[PDB]
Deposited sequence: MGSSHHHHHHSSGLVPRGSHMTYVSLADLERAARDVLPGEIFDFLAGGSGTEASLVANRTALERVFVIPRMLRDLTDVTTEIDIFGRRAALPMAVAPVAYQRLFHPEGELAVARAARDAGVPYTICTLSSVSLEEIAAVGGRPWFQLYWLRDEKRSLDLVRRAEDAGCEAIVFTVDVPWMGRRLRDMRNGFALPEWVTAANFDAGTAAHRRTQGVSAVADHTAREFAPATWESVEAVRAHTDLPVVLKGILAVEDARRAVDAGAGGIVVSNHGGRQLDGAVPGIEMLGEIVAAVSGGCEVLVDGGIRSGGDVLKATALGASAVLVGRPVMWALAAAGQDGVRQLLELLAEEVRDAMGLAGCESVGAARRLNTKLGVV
């Protein structure tokens, strides 16, 4: 019995070792961006529509050539065995069963081929490596294994300053490894090398500047994720949700525009959609569910989110995600 995503955070805090909970929860620096991701969503209010036909409400979208059950995917989160022994396999199985895309990480603690074998038409998140040819090898592995999109993370020339991790002296346990292995700053040249190497849609994750969104389209990206990396990279980076509307207007249908950071309910999904998002990513809550109850926990989380999305959409007069994108919003004060 979980009735909100916050029930799951409480459950995860109970079971996880403190330093692992901190690795999960924390952000960089003073955690200004981490907090602002929540602030920004809480300031948005939706102007719902009434009296529309709701006889066949559907939360489905088409994205990167696949139907998804919700306008949502599981965000790339490294090292999922930190949270539960089944790690990425548990999460991927639940995502598959829920009809939600799952993003396999470069720093997965189970190999990408094993996770892809779970099924459910998975995405692959890329960190740019030592070498162009090595980078392109992970991309080719992902494609050969049936991944359907390459989510190239562009906001990590290096890892942010995670003061909780520094203070805890946090290190990976011996029993958690980067299973895809036996990194350098990405540039626009790296993006082109990836685009030239694969037929899969390339999705640039970590875009916040409007001109970078425009350039992403010009560069041949199939999508972007408007994101400050959950407040874990530049401390003081604007929340993605605050740039989303401007970015959606600037790209003017040229690529899919996803957003992440602080999505904690179906109502938040509705807000993101109303601001123009094609879909959202959800990170920490999926890990809370994994920590609390493994695969079944993630299943329950996704069922709860699905119900909340359906509920919010219908209450707002939206029989489809497209209708939700046409909702207006108004900023309030919290």
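Comparing the deposited sequence with the modelled residues shows gaps at 1-21, 204-225, with numbering starting at 1.
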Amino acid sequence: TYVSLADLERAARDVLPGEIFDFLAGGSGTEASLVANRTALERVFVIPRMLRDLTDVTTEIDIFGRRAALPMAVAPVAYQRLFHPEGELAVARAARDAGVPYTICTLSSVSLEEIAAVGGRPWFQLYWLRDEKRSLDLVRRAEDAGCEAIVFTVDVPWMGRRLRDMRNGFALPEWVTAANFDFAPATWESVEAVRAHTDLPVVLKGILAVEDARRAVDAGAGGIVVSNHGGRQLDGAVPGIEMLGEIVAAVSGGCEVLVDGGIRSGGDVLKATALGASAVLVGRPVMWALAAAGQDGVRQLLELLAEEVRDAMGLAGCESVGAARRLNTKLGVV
From here on, numbers count along this sequence of modelled residues.
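Comparing the deposited coordinates for 128-136 and 77-85, the stretch with the larger average C-alpha B-factor is 128-136. Comparing 59-67 with 271-279, the stretch with the higher mean C-alpha B-factor in the PDB entry is 59-67. The entry assigns its greatest Cα B factor, within the set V44, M50, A293, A306, to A293. The entry assigns its greatest Cα B factor, within the set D199, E242, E256, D212, to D199.
Per the PDB record, residue ranking by Cα B-factor puts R326 in the lowest third of the chain. Per the deposited record, the Cα B-factor of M159 falls in the highest third when ranked against the other modelled residues of its chain. When the CA B factors of the chain's modelled residues are split into thirds, the value for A40 lands in the middle one. When all modelled residues of the chain are sorted by CA temperature factor, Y102 is found within the lowest third. In the deposited entry, the Cα temperature factor of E113 sits in the middle third of values across the chain's modelled residues.
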